[PDB]
Amino acid sequence: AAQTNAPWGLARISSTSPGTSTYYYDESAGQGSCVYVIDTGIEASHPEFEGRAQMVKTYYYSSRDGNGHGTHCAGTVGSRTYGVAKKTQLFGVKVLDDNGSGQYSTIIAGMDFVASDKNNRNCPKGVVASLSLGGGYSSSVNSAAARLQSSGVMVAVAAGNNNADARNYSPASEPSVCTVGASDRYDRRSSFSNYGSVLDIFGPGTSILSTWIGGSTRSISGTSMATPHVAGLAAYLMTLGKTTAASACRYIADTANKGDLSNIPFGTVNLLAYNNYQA
């Protein structure tokens with residue numbers, strides 16, 4: 001399949017070179033997989049989701065996305081024009097209020113929710129969770145994300161936008177999940193992206209165009225925008241049968257574009273998510 005004039009990050013993840021604008025992918029497109037988006041909620045009624053998005057859980061007075069950030073991330077996972085996995089199922093878990101913040105105990109309770117709720121869902125090709133959130137180091141937040149991974153979900157988390165070692169953040173610093181940094185369209189590490197030995201992979205993070213609340217679109221930047229590129233890729237790759245939840249992060253790292261990014265500090269991996277699809 002070929003989507004012309006695609007957003008640059010989509011084209012990048014199906015390209016050995018920067019600077020192109022067509023996204024190539026196997027038409028299976030994540031059919032039969034499920035991605036949980038744990039964030040401010042999802043405007044499921046957005047036409048870009050085609051009835052494939054829905055809210056399954058909130059810890060606040062509404063499951064509505066009154067922020068946009070969770071909607072934007074879900075759009076990068078699986079919307080028709082901006083999504084990596086254009087046929088996946090999207091499940092929203094509103095752990096962040098409409099200002100984008102949430103207590104760690106609420107965040108922990110949402111991760112434990114997904115590790116159980118997946119048993120209430122039809123996802124024969126596998127389960128992914130995309131956590132575009134984070135704060136300072138917490139062993140209880142790390143262990144919550146470890147548990148979710150352990151239950152059989154591929155967990156993708158953002159490295160953080162502090163331009164610093166991600167060892168001091170959570171769940172970025174948990175080793176058993178997939179910690180994602182951000183790059184830009186010239187294959188530079190995004191200026192805000194955290195780095196360090198705990199990072200596993202880079203995805204497109206700067207000026208990422210996706211769905212927004214109110215039926216609209218907009219372009220924003222952040223390692224929360226790289227994370228859903230990798231989450232969506234995992235779901236896409238599990239549907240093709242090329243990997244499982246437990247080994248998706250390692251498979252993505254093994255098959256990535258090596259050595260293509262600049263301003264990657266010594267000791268950080270130089271790997272860019274790549275679907276390796278040959279049209």
Side-chain angles (χ1 to χ4, degrees), residues 36-40 59 67 69-70 72-73 76 93 95-97 99-112 114-115 128-151 153-184 188-206 208 220-231 234 248-250 252-253 256 261-273:
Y36 285 83
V37 181
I38 308 173
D39 192 331
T40 70
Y59 297 89
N67 189 282
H69 182 277
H72 193 277
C73 293
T76 298
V93 179
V95 301
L96 307 172
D97 66 14
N99 277 314
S101 62
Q103 293 287 142
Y104 274 159
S105 60
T106 298
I107 295 182
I108 290 163
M111 291 188 222
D112 279 316
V114 175
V128 180
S130 183
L131 282 63
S132 290
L133 52 78
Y137 179 83
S138 163
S139 61
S140 46
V141 169
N142 276 15
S143 68
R147 284 196 299 286
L148 184 53
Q149 182 72 43
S150 168
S151 67
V153 186
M154 182 202 185
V155 181
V157 309
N161 305 309
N162 311 94
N163 183 30
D165 203 305
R167 61 153 55 101
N168 285 326
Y169 299 92
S170 284
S173 58
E174 174 46 53
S176 74
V177 305
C178 207
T179 302
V180 184
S183 57
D184 74 357
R188 302 183 293 234
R189 174 176 66 92
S190 300
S191 66
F192 49 82
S193 187
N194 282 345
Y195 46 88
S197 69
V198 78
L199 261 74
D200 305 291
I201 187 72
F202 283 81
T206 304
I208 303 304
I220 52 186
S221 308
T223 62
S224 51
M225 296 327 120
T227 304
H229 280 93
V230 172
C249 189
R250 178 187 299 214
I252 289 168
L261 297 167
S262 61
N263 198 32
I264 300 295
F266 209 81
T268 303
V269 297
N270 195 325
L271 305 162
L272 186 64

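Along the sequence shown, the residues carry numbers beginning at 1. Computation of the quantities below employed the complete heavy-atom set of this structure, encompassing side-chain atoms and omitting hydrogens, waters and symmetry-equivalent molecules.
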Who passes side chain to side chain donor-acceptor pair (under 3.5 Å) against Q149, sequence neighbours left out?
-> none

Which pairs with one or both residues in residues 189-201 pass salt bridge (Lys or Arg N to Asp or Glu O under 4.0 Å), sequence neighbours excluded?
-> none

Side chains of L131 and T227: closer than 4.5 Å at any heavy-atom pair?
-> no

Between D39 and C73, what is the shortest heavy-atom contact and its length?
-> OD2-SG, 3.9 Å

Contacts of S173 meeting side-chain contact (heavy atoms from CB on, under 4.5 Å) (sequence neighbours excluded), chain-then-number -> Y137, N142, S170

Atom of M154, atom of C178 and distance for their closest heavy-atom approach = CE-CB, 3.3 Å

List the atom of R188, the atom of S262, and the distance in Å for their closest heavy-atom pair.
-> CG-OG, 3.5 Å

Residues forming a side chain to side chain donor-acceptor pair (under 3.5 Å) with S183, sequence neighbours excluded | none

Backbone of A115 reached by a side-chain donor or acceptor of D112 within 3.5 Å = no

Step-by-step side chain to side chain contact (heavy atoms under 4.5 Å, CB included) determination, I220 to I208 = CA-CA 5 Å; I220 52 186; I208 303 304; 5.9 Å; no

Close side-chain approach of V141 and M111, heavy atoms under 4.5 Å | yes

Check: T40 side chain, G70 main-chain N or O, donor-acceptor pair, under 3.5 Å = yes

State, to 0.1 Å, how close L96 and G102 come at their nearest heavy-atom pair, and which atoms those are.
-> CD2-N, 3.7 Å

Side-chain donor or acceptor of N99 paired with backbone N/O of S101 under 3.5 Å = no

Between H229 (side chain) and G203 (backbone), is there a donor-acceptor pair under 3.5 Å?
-> no

Excluding sequence neighbours, so at least two apart, what forms side-chain contact (heavy atoms from CB on, under 4.5 Å) with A182?
-> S190, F192, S193, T223, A226

Taking only residues two or more places apart in sequence or in another chain, which ones pass side-chain contact (heavy atoms from CB on, under 4.5 Å) with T106?
-> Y59, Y60, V95, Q103

Taking only residues two or more places apart in sequence or in another chain, which ones pass side chain to side chain donor-acceptor pair (under 3.5 Å) with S143?
-> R147

Results of ring pair (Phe, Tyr, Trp, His ring centres under 6.0 Å) for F202 - residues two or more places apart only | none

Would you please name every residue forming a side-chain contact (heavy atoms from CB on, under 4.5 Å) with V269, sequence neighbours left out?
-> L271

Go through the structure and list residues passing salt bridge (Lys or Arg N to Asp or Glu O under 4.0 Å) with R250, not counting sequence neighbours.
-> none

Considering residues at least two apart in sequence or located in another chain, which fulfil the salt bridge (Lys or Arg N to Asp or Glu O under 4.0 Å) criterion with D165?
-> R167

Donor-acceptor pair, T179 side chain versus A172 backbone, under 3.5 Å?
-> yes

Output, in order, the C-alpha distance, side-chain angles, deciding distance and verdict of side chain to side chain contact (heavy atoms under 4.5 Å, CB included) for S197 and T268.
-> CA-CA 5 Å; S197 69; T268 303; over 6 Å; no

Nearest heavy-atom approach of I201 to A256 is CD1-CB, 3.7 Å

Return the minimal non-hydrogen interatomic distance between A166 and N194, and the atom names on each side.
-> CB-CB, 4.0 Å

Inter-residue atom distance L133.CG - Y169.OH, 0.5 Å rounding | 15.0 Å

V180 and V157, any side-chain heavy atoms less than 4.5 Å apart | no

So do the side chains of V37 and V93 get within less than 4.5 Å of each other, counting heavy atoms only?
-> no

Under the side chain to side chain donor-acceptor pair (under 3.5 Å) rule, collect the residues that match up with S176, sequence neighbours excluded.
-> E174

Does a donor on one side chain and an acceptor on the other come within less than 3.5 Å for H69 and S224?
-> yes

